[PDB]
Amino acid sequence: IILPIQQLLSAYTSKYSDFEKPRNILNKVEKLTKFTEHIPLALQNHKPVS
Amino acid sequence: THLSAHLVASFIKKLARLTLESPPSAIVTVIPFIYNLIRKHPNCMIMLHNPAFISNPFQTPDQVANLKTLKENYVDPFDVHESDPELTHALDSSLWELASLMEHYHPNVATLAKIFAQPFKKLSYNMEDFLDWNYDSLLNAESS
Amino acid sequence: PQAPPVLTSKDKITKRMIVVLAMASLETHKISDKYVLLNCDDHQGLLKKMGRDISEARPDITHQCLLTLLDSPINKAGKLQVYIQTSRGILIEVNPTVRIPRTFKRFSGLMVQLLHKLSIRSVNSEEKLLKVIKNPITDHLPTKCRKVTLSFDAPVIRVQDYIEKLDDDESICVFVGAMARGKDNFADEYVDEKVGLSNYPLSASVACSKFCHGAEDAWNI
Amino acid sequence: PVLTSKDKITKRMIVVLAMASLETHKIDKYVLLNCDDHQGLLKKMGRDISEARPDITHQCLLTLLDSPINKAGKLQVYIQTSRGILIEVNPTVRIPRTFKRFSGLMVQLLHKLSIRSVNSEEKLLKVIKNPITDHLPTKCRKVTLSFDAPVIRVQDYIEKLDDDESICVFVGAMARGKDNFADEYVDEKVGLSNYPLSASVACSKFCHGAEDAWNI
């Protein structure tokens, strides 16, 4: 969900190329993407009974 | 019954993106369609759970190392700009956006997510009752 | 889901096993109206006059083995029946459908009712669990069975490897006698092997629980 | 030797029983809690009749007396009860294996709280109050037997445990009760299997797992 919005922030980086909050936001988004593994997560298990 | 799995996966990814960018009413209206698709298509549960990334206590270290190596090079192959549903690689990409919509302020969406996360008991979900839903309808249901 | 089926002599070719207990003090000693059991520390005149010994007679060994065996995870997976050879030669076959209380008063009352009855009944009135086959256990048991004595003097090995080496159609059987002073020869003639699990002497409850823990990790039971 | 609660350097396994019925009343000798000898005593004092499960402590003691780990003197048994007392026993403690003969031992423990042995050499049962974190080593982990946590293998969990890292497990000997009796004292929760498992059965299974992962 931060794929386009940070790109919009990158658009901000292409808008004036002088702001400091957009570079920090892009760095934070890059750090969050690098820390996340973006693998998978499932469940739905079962067993027997008494 | 002639629909393929690639088109179904692309439609599921498009619905996940639409629910990621909408109000709560649209997500509540689209949750029943996803539940009906999961009940009708058993391969869609492969998009919900990945057995190759699972870990067991009674397993060898080599299998865990292979799983870690496979998960370390995990990427998203789905293309959102691809207009063809068959050409979209949403079957190989997990439906991660469903997990982002689980933590919601509304309780009905949380109940729907909890029902979808558990096993399916009945095939008929009765989506006609939960079709007409808006902010005013949700407020009237919560206040009354 | 559903629980696994009845694990008894009827379940013979399927996945099943037998837990065999013997050389316990289990009879009917009526105090002179009803039927009572042979207790060492409770009755002093009666136990000494019977002819048994305080160190030798042990009626709670079966109760302890039942308390440590009926709650096993393999027993809830439907893989074990219970066979009991009493001191009077009585052979008892128990399915895992119920679980006897660990209270030796209540367990002893149920055992005395069985001793005066040879007949137990279910609450649903459809499955009398306490079956009595033609004695001994091996006269009506499964058609593919494995018999071994788990002795503290036999070859001590891990319980996972030997159980994992066994086939799924055979029925591994273990004989346990919790004598305070005795030997691993109560069902020596019935056992087809002599294997060990522990390096220290243990009672029937401890050895049975060790065997249950080994069987639980054997085929993920 | 025998691992005790004073040596907090070498890892000593601690098994803490939780919610075991040890209640005393007055007749006029002091009488322990019985579930098949006194019936109107529970029904007139103000308590229930389902709180009399006193054989669980003796069953866990006998199940952990002749264990291979107790033969090595590694298992120390702590017991906490609703009365507010704690009992500590080394693995070398010897008691009569009959509950009627252990009734006298229970009366001695509930009337003296320091049972010097028949050999008059060492007090096997030691009475200690709260807390119980001072009986294990300073580097120790606490595991609670609860079905809430996922079922994990005993050998797999014991293999990642350090040699100096003591293990303090909590077994719920109550026939009915919650697993949060020492949740503030427990660190993590562990399981045995997805199927049923008792309390003394869990203790003997943990002893078997420690034997398999530690050559005992």
# chains A, B, ... in the order shown; residues from 1 in each chain; ligands from 1

call {"tool": "interface_residues", "arguments": {"of": "chain A", "to": "chain B", "cutoff": "10 Å", "atoms": "only C-alpha atoms", "output": "count of residues only"}}
result
11

call {"tool": "interface_residues", "arguments": {"of": "chain A", "to": "chain C", "cutoff": "6 Å", "atoms": "only C-alpha atoms", "output": "list in words"}}
result
residues 48, 49 and 50 of chain A

call {"tool": "closest_residue", "arguments": {"among": "D:57, D:34, D:193, D:155", "to": "chain A", "atoms": "only C-alpha atoms"}}
result
D:193

call {"tool": "closest_atom_pairs", "arguments": {"of": "chain B", "to": "chain C", "cutoff": "12 Å", "atoms": "only C-alpha atoms", "output": "JSON lines"}}
result
{"residue": "B:56", "atom": "CA", "partner": "C:220", "partner_atom": "CA", "distance": 11.8}
{"residue": "B:57", "atom": "CA", "partner": "C:217", "partner_atom": "CA", "distance": 10.9}
{"residue": "B:58", "atom": "CA", "partner": "C:217", "partner_atom": "CA", "distance": 8.6}
{"residue": "B:59", "atom": "CA", "partner": "C:220", "partner_atom": "CA", "distance": 11.8}
{"residue": "B:119", "atom": "CA", "partner": "C:1", "partner_atom": "CA", "distance": 11.7}
{"residue": "B:121", "atom": "CA", "partner": "C:1", "partner_atom": "CA", "distance": 11.8}

call {"tool": "atom_distance", "arguments": {"atom1": "atom CA of residue D:133", "atom2": "atom CA of residue D:203"}}
result
19.6 Å

call {"tool": "residues_around", "arguments": {"residues": "residue B:135", "least_positions_apart": "5", "cutoff": "9 Å", "atoms": "only C-alpha atoms", "output": "PyMOL selection string"}}
result
chain B and resi 23-25+140

call {"tool": "closest_atom_pairs", "arguments": {"of": "chain C", "to": "chain D", "cutoff": "6 Å", "atoms": "only C-alpha atoms", "output": "CSV"}}
result
residue,atom,partner,partner_atom,distance
C:41,CA,D:100,CA,5.7
C:68,CA,D:201,CA,5.6
C:71,CA,D:197,CA,5.4
C:72,CA,D:197,CA,5.6
C:73,CA,D:195,CA,4.7
C:76,CA,D:195,CA,5.8
C:200,CA,D:68,CA,5.0
C:202,CA,D:66,CA,5.3
C:210,CA,D:208,CA,5.7
C:213,CA,D:205,CA,5.7

call {"tool": "write_last_selection", "arguments": {"atoms": "C-alpha atoms", "output": "CSV table (one decimal), in the first residue's frame"}}
result
chain,number,residue,atom,x,y,z
C,41,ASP,CA,-1.4,-50.1,55.0
C,68,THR,CA,-0.8,-42.6,33.4
C,71,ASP,CA,-4.7,-40.0,29.1
C,72,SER,CA,-2.0,-40.6,26.6
C,73,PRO,CA,-2.0,-38.7,23.3
C,76,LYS,CA,-6.7,-40.2,22.0
C,200,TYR,CA,17.0,-46.6,36.1
C,202,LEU,CA,10.8,-47.5,37.2
C,210,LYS,CA,7.8,-43.4,28.6
C,213,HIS,CA,5.8,-40.6,24.9

call {"tool": "closest_residue", "arguments": {"among": "C:54, C:132, C:17, C:7", "to": "residue C:171", "atoms": "only C-alpha atoms"}}
result
C:17

call {"tool": "residues_around", "arguments": {"residues": "residue D:13", "least_positions_apart": "3", "cutoff": "8 Å", "atoms": "only C-alpha atoms", "output": "list in words"}}
result
residues 74, 75, 76, 136, 166, 167, 168 and 169 of chain D

call {"tool": "write_last_selection", "arguments": {"atoms": "N, CA and C atoms", "output": "PDB file, in the first residue's frame"}}
result
ATOM      1  N   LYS D  74      18.832 -34.628  39.432  1.00  0.00           N
ATOM      2  CA  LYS D  74      18.734 -33.374  38.697  1.00  0.00           C
ATOM      3  C   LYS D  74      17.390 -32.686  38.878  1.00  0.00           C
ATOM      4  N   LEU D  75      16.348 -33.435  39.225  1.00  0.00           N
ATOM      5  CA  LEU D  75      14.995 -32.901  39.324  1.00  0.00           C
ATOM      6  C   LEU D  75      14.688 -32.537  40.771  1.00  0.00           C
ATOM      7  N   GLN D  76      14.383 -31.266  41.007  1.00  0.00           N
ATOM      8  CA  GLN D  76      13.927 -30.787  42.303  1.00  0.00           C
ATOM      9  C   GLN D  76      12.451 -30.431  42.196  1.00  0.00           C
ATOM     10  N   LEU D 136      15.606 -21.476  41.550  1.00  0.00           N
ATOM     11  CA  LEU D 136      16.283 -21.879  40.333  1.00  0.00           C
ATOM     12  C   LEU D 136      17.550 -21.062  40.135  1.00  0.00           C
ATOM     13  N   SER D 166      18.868 -22.993  33.498  1.00  0.00           N
ATOM     14  CA  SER D 166      17.981 -23.881  34.228  1.00  0.00           C
ATOM     15  C   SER D 166      16.584 -23.860  33.615  1.00  0.00           C
ATOM     16  N   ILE D 167      15.842 -24.938  33.846  1.00  0.00           N
ATOM     17  CA  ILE D 167      14.478 -25.070  33.355  1.00  0.00           C
ATOM     18  C   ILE D 167      13.550 -25.247  34.547  1.00  0.00           C
ATOM     19  N   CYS D 168      12.571 -24.354  34.665  1.00  0.00           N
ATOM     20  CA  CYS D 168      11.571 -24.414  35.723  1.00  0.00           C
ATOM     21  C   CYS D 168      10.207 -24.576  35.074  1.00  0.00           C
ATOM     22  N   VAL D 169       9.679 -25.793  35.104  1.00  0.00           N
ATOM     23  CA  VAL D 169       8.409 -26.111  34.467  1.00  0.00           C
ATOM     24  C   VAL D 169       7.320 -26.100  35.528  1.00  0.00           C
TER      25      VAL D 169
END

call {"tool": "atom_distance", "arguments": {"atom1": "atom CA of residue C:93", "atom2": "atom CA of residue C:131"}}
result
5.1 Å

call {"tool": "atom_distance", "arguments": {"atom1": "atom CA of residue B:28", "atom2": "atom CA of residue B:12"}}
result
14.7 Å

call {"tool": "interface_residues", "arguments": {"of": "chain D", "to": "chain B", "cutoff": "9 Å", "atoms": "only C-alpha atoms", "output": "list in words"}}
result
residues 151, 152, 153, 156 and 157 of chain D

call {"tool": "closest_residue", "arguments": {"among": "D:150, D:143, D:132, D:127", "to": "chain A", "atoms": "only C-alpha atoms"}}
result
D:150

call {"tool": "residues_around", "arguments": {"residues": "stretch 18-32 of chain A", "least_positions_apart": "6", "cutoff": "10 Å", "atoms": "only C-alpha atoms", "output": "list in words"}}
result
residues 2, 3, 5, 6, 7, 8, 9, 10, 11 and 12 of chain A

call {"tool": "write_last_selection", "arguments": {"atoms": "N, CA and C atoms", "output": "short mmCIF file (atom, residue, chain, number, x, y, z; two decimals), in the first residue's frame"}}
result
data_model
loop_
_atom_site.label_atom_id
_atom_site.label_comp_id
_atom_site.auth_asym_id
_atom_site.auth_seq_id
_atom_site.Cartn_x
_atom_site.Cartn_y
_atom_site.Cartn_z
N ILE A 2 2.12 1.16 0.40
CA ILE A 2 3.07 2.26 0.26
C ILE A 2 3.81 2.21 -1.06
N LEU A 3 3.43 1.30 -1.96
CA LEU A 3 4.07 1.25 -3.27
C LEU A 3 3.79 2.50 -4.11
N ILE A 5 2.19 5.46 -3.04
CA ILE A 5 2.23 6.69 -2.25
C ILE A 5 3.65 7.19 -2.07
N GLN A 6 4.58 6.30 -1.71
CA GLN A 6 5.99 6.67 -1.68
C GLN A 6 6.48 7.07 -3.06
N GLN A 7 5.97 6.41 -4.11
CA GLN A 7 6.22 6.86 -5.47
C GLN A 7 5.69 8.27 -5.69
N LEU A 8 4.51 8.56 -5.13
CA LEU A 8 4.02 9.94 -5.10
C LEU A 8 4.98 10.83 -4.32
N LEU A 9 5.52 10.32 -3.20
CA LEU A 9 6.60 11.02 -2.51
C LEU A 9 7.82 11.15 -3.41
N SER A 10 8.11 10.10 -4.20
CA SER A 10 9.14 10.21 -5.23
C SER A 10 8.75 11.26 -6.26
N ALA A 11 7.46 11.36 -6.58
CA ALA A 11 6.97 12.46 -7.40
C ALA A 11 7.22 13.79 -6.71
N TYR A 12 7.06 13.84 -5.38
CA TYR A 12 7.48 15.01 -4.62
C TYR A 12 8.98 15.23 -4.76
#

call {"tool": "select_by_dssp", "arguments": {"residues": "chain A", "states": "helix (DSSP H, G or I)", "output": "PDB file with C-alpha atoms, in the first residue's frame"}}
result
ATOM      1  CA  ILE A   2       3.069   2.255   0.265  1.00  0.00           C
ATOM      2  CA  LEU A   3       4.070   1.255  -3.274  1.00  0.00           C
ATOM      3  CA  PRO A   4       2.334   4.151  -5.101  1.00  0.00           C
ATOM      4  CA  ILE A   5       2.228   6.695  -2.253  1.00  0.00           C
ATOM      5  CA  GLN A   6       5.995   6.667  -1.680  1.00  0.00           C
ATOM      6  CA  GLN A   7       6.222   6.859  -5.473  1.00  0.00           C
ATOM      7  CA  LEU A   8       4.024   9.939  -5.096  1.00  0.00           C
ATOM      8  CA  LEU A   9       6.597  11.019  -2.512  1.00  0.00           C
ATOM      9  CA  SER A  10       9.137  10.213  -5.225  1.00  0.00           C
ATOM     10  CA  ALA A  11       6.972  12.459  -7.399  1.00  0.00           C
ATOM     11  CA  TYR A  12       7.480  15.006  -4.622  1.00  0.00           C
ATOM     12  CA  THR A  13      11.183  14.228  -5.047  1.00  0.00           C
ATOM     13  CA  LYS A  21      10.472  15.568   4.586  1.00  0.00           C
ATOM     14  CA  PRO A  22      10.008  13.686   1.288  1.00  0.00           C
ATOM     15  CA  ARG A  23      13.559  12.298   1.306  1.00  0.00           C
ATOM     16  CA  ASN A  24      13.128  11.147   4.916  1.00  0.00           C
ATOM     17  CA  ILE A  25       9.767   9.567   4.041  1.00  0.00           C
ATOM     18  CA  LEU A  26      11.341   7.753   1.078  1.00  0.00           C
ATOM     19  CA  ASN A  27      14.209   6.544   3.288  1.00  0.00           C
ATOM     20  CA  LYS A  28      11.738   5.293   5.915  1.00  0.00           C
ATOM     21  CA  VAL A  29       9.693   3.510   3.231  1.00  0.00           C
ATOM     22  CA  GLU A  30      12.858   1.906   1.829  1.00  0.00           C
ATOM     23  CA  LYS A  31      13.901   0.786   5.325  1.00  0.00           C
ATOM     24  CA  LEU A  32      10.432  -0.675   5.948  1.00  0.00           C
ATOM     25  CA  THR A  33      10.523  -2.506   2.603  1.00  0.00           C
ATOM     26  CA  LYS A  34      14.032  -3.864   3.256  1.00  0.00           C
ATOM     27  CA  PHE A  35      13.179  -4.997   6.800  1.00  0.00           C
TER      28      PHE A  35
END

call {"tool": "residues_around", "arguments": {"residues": "stretch 150-165 of chain C", "least_positions_apart": "3", "cutoff": "6 Å", "atoms": "only C-alpha atoms", "output": "CSV table (one decimal) with N, CA, C and O atoms, in the first residue's frame"}}
result
chain,number,residue,atom,x,y,z
C,184,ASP,N,11.5,-58.8,35.7
C,184,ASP,CA,10.9,-58.7,34.4
C,184,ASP,C,10.7,-60.1,33.8
C,184,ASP,O,11.3,-60.4,32.8
C,194,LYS,N,13.0,-58.7,24.0
C,194,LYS,CA,13.4,-58.1,25.3
C,194,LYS,C,14.2,-56.8,25.0
C,194,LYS,O,15.4,-56.9,24.7
C,195,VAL,N,13.5,-55.7,25.2
C,195,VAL,CA,14.2,-54.4,25.0
C,195,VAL,C,14.0,-53.5,26.2
C,195,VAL,O,13.3,-53.8,27.1
C,196,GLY,N,14.9,-52.5,26.2
C,196,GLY,CA,14.9,-51.5,27.3
C,196,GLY,C,14.7,-50.1,26.9
C,196,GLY,O,15.0,-49.8,25.7
C,197,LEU,N,14.2,-49.3,27.8
C,197,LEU,CA,14.0,-47.8,27.5
C,197,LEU,C,14.7,-46.9,28.5
C,197,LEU,O,15.2,-45.9,28.1
C,201,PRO,N,15.6,-48.1,37.4
C,201,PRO,CA,14.4,-48.9,37.7
C,201,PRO,C,13.2,-47.9,37.8
C,201,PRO,O,13.2,-46.9,38.5
C,214,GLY,N,7.2,-42.2,23.7
C,214,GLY,CA,7.9,-42.7,22.5
C,214,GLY,C,7.0,-43.0,21.3
C,214,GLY,O,7.3,-42.7,20.2
C,218,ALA,N,6.5,-41.4,17.5
C,218,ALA,CA,6.9,-42.4,16.6
C,218,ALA,C,6.2,-42.1,15.2
C,218,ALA,O,6.9,-41.9,14.2

call {"tool": "residues_around", "arguments": {"residues": "residue D:115", "least_positions_apart": "2", "cutoff": "10 Å", "atoms": "only C-alpha atoms", "output": "number ranges by chain"}}
result
D: 105-106, 108-113, 117-118, 120, 122-127
